[PDB]
Amino acid sequence: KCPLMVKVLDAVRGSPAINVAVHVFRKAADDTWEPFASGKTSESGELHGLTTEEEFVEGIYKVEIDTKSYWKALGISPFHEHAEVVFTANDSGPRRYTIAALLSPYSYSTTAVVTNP
Amino acid sequence: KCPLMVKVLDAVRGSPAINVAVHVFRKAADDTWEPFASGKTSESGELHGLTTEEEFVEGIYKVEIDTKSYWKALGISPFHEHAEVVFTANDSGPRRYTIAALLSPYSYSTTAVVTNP
Amino acid sequence: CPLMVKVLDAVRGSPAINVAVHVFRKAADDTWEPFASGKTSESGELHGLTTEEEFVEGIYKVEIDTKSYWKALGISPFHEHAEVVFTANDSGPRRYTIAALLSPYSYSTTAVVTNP
Amino acid sequence: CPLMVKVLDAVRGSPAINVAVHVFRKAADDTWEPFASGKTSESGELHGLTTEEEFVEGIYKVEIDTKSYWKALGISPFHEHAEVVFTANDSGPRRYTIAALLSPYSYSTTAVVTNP
């Protein structure tokens, strides 16, 4: 179904952060990051359809959010090159992961909401 | 329709914050707060149906979230008595307000997402 | 200092300077009584609000005037102010740092509580 | 100090003590080279990582070992670590404070940038 969803919000304008690039990677045996999935956030600041229950196996994942391009398109010089979220996916009953990020030019926060559907 | 919605998240457990009391007030002419609407967050940490476009007129509003009772039910001693969000509602084209709060025992953050439907 | 306030600006990556802060204490008749007030300095800090002797048990409210701050920068923000409400000194005297991180449509506030 | 890190614990309302921090600089061949490392003190701060002369223009990565921190408190947290990546000193030398506020399933990070 949809075990992984990303949501991005803009704290300066009080809006979804639209057309933000997101790349997802999975840690491979050799300790390097392999591309796993990517997309751009929608009008509601969300990114759905990244993966399926079948492919989303236990492992270490990295979500990379291209925040710098977002701010530059608004004419604001930002501090970070990108925002990175790194976590382990653990089976333990059925799980859905929502990775949220709240963006300002010199600060971001990120939260994980993990629920059972 | 639904011009005002509240969403509450628990940063300690990575979950919606369920059964949290929320009270909404409107500032009256005499500079005091009059009850306006209230409820408890649902299973998804959300509170819908607080008001309608007709009643939600321009004005100063206060959203009060009973965070202290939430933490005490989990057995954690919290710092704040409650979280308060105070803002002006301004007509200027059609607007929907989402007030989000992210809770920890000694810290909270709150964000407003304002969109046009 | 038993009570210190620190304010940061998340848009500019700087301390938030000249921000007005008002502190109140809940009185016997359940009203907010003015307790202390001041403005943040060039480091984003406000010291000297009170003393150990005056800072008795009670419920306190720290009100930060965020709206005037953003307006003076040309930004029309969402919140009227940020309010932090807490019970203080109920297990004996402590030192409190109230920190606030400001953006136009979002803020966060954290408390650091230390035993002298 | 050109580079300082400060870490707070949002669950306990305290500085986050004994947190391991590793700093890297992107080298010519696009790999991360170790630059400096240390542990936060009793005030949640890490000073002395570098000097003005050594801290040249570049892309730096500050990695904070949040997972070990929470595990030692008995809490199984979400993130493996917190990473902050930024270009430094590209318009001349500046002083950087990297602050992080930790909860088990959430963190925030802020930069304060000052011109000496």
Side-chain angles (χ1 to χ4, degrees), chain A residues 62 64-69 71-72 76-86 103-109, chain C residues 6 8-17 42-45 99 101, chain D residues 1-8 15-66 68-69 79-102 107-116:
Chain A
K62 172 162 68 155
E64 185 164 308
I65 299 164
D66 183 4
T67 53
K68 187 180 181 191
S69 299
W71 293 119
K72 283 201 320 187
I76 302 164
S77 37
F79 177 77
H80 305 93
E81 291 296 301
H82 45 71
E84 275 180 315
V85 181
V86 189
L103 309 183
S104 300
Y106 281 71
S107 182
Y108 63 86
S109 78
Chain C
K6 184 163 177 53
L8 301 181
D9 177 333
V11 171
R12 299 196 295 173
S14 64
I17 299 172
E42 288 182 72
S43 61
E45 301 183 355
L101 173 68
Chain D
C1 246
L3 186 60
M4 196 270 274
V5 179
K6 184 163 177 53
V7 191
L8 301 181
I17 299 172
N18 288 330
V19 178
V21 177
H22 297 257
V23 186
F24 307 86
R25 177 182 187 274
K26 195 167 249 195
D29 58 25
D30 297 298
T31 67
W32 294 110
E33 158 215 299
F35 180 81
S37 68
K39 265 167 170 193
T40 58
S41 69
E42 288 182 72
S43 61
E45 301 183 355
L46 176 57
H47 296 271
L49 287 170
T50 194
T51 65
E52 184 174 316
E53 179 84 13
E54 177 186 75
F55 194 40
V56 294
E57 280 184 73
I59 299 174
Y60 293 79
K61 173 159 72 171
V62 175
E63 174 179 288
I64 309 180
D65 182 15
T66 55
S68 297
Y69 180 76
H79 306 93
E80 290 298 298
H81 46 69
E83 295 179 324
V84 179
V85 182
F86 64 101
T87 299
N89 305 310
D90 50 324
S91 321
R94 297 286 188 272
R95 296 180 54 240
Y96 298 89
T97 295
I98 306 294
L101 173 68
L102 306 186
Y107 66 83
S108 78
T109 184
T110 300
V112 179
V113 186
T114 289
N115 186 328

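Chain identifiers are assigned alphabetically (A, B, ...) following the order of the sequence lines, protein sequences preceding nucleic acid strands; residue numbering begins at 1 within each chain.
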Query raised in the report: ring pair (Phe, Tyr, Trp, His ring centres under 6.0 Å): which pairs involve residues 29-58 of chain D, sequence neighbours left out?
Result: D:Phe35-D:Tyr60, D:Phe55-D:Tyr60, D:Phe55-D:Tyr96
Query - Interatomic distance, D:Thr50 atom OG1 to D:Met4 atom CE [nearest 0.5 angstrom] - result: 15.0 Å
Requested in this report: Look up atom OG1 in A:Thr67 and atom NE2 in A:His82, then write down how far apart they are to the nearest 0.5 Å.
Outcome: 8.0 Å
Query raised in the report: Between NZ of A:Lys68 and OG1 of D:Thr87, what distance do you get to the nearest 0.5 Å?
Result: 4.5 Å
Query - A:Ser77 OG to C:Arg12 CZ distance, which is reported to the nearest 0.5 Å - result: 12.0 Å
Report summary line: Here the pair of heavy atoms bringing D:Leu49 nearest to D:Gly38 is CD2-N, 4.4 Å
Query raised in the report: Taking D:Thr109 as the fixed residue, which of D:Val7, D:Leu102, D:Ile98 is the one that meets the side-chain contact (heavy atoms from CB on, under 4.5 Å) rule?
Result: D:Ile98
Requested in this report: With sequence neighbours left out, write down each residue that passes salt bridge (charged side-chain N to carboxylate O under 4.0 Å, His left out) with D:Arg94, or none if nothing qualifies.
Outcome: none
Report task. Would you mind reporting whether D:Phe86 and D:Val62 have side-chain heavy atoms less than 4.5 Å apart? Result -> yes
Query raised in the report: Between the side chain of D:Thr40 and the main-chain N/O of D:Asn18, is any donor-acceptor distance below 3.5 Å?
Result: yes
**Report entry** Close side-chain approach of D:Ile59 to D:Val85, heavy-atom, < 4.5 Å
**Finding:** yes
**Report entry** Heavy atoms from other residues, nucleotides or ligands near CD of D:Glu52 exceed 12 (cutoff 6.0 Å)
**Finding:** no
Report summary line: Nearest heavy-atom contact between D:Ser68 and D:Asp65 is OG-OD2, 2.6 Å
Query raised in the report: How many angstroms lie between CD1 in C:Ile17 and CD in C:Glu45, if you round to the nearest 0.5 Å?
Result: 11.5 Å
Query raised in the report: Taking all non-hydrogen atoms of both residues, which atom of C:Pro15 and which atom of C:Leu8 are closest, and how far apart?
Result: CA-CD2, 4.1 Å
Requested in this report: For residues C:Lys6 and C:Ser43, report the shortest heavy-atom separation together with the two atoms involved.
Outcome: NZ-O, 3.6 Å
Requested in this report: Quick one: list whatever passes side-chain hydrogen bond (donor to acceptor under 3.5 Å, both in side chains) with D:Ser37, sequence neighbours left out.
Outcome: none
Query raised in the report: Shortest non-hydrogen contact from A:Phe79 to D:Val84?
Result: CE2-CG1, 4.3 Å
Query raised in the report: Is there a donor-acceptor contact under 3.5 Å linking the side chains of A:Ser107 and D:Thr110?
Result: yes
Query raised in the report: Going from CH2 on A:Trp71 to NE2 on A:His80, what distance comes out if it is rounded to the nearest 0.5 angstrom?
Result: 11.5 Å
**Report entry** Nearest non-hydrogen partners of D:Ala20 and D:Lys39, listed with the distance
**Finding:** CA-CG, 4.0 Å
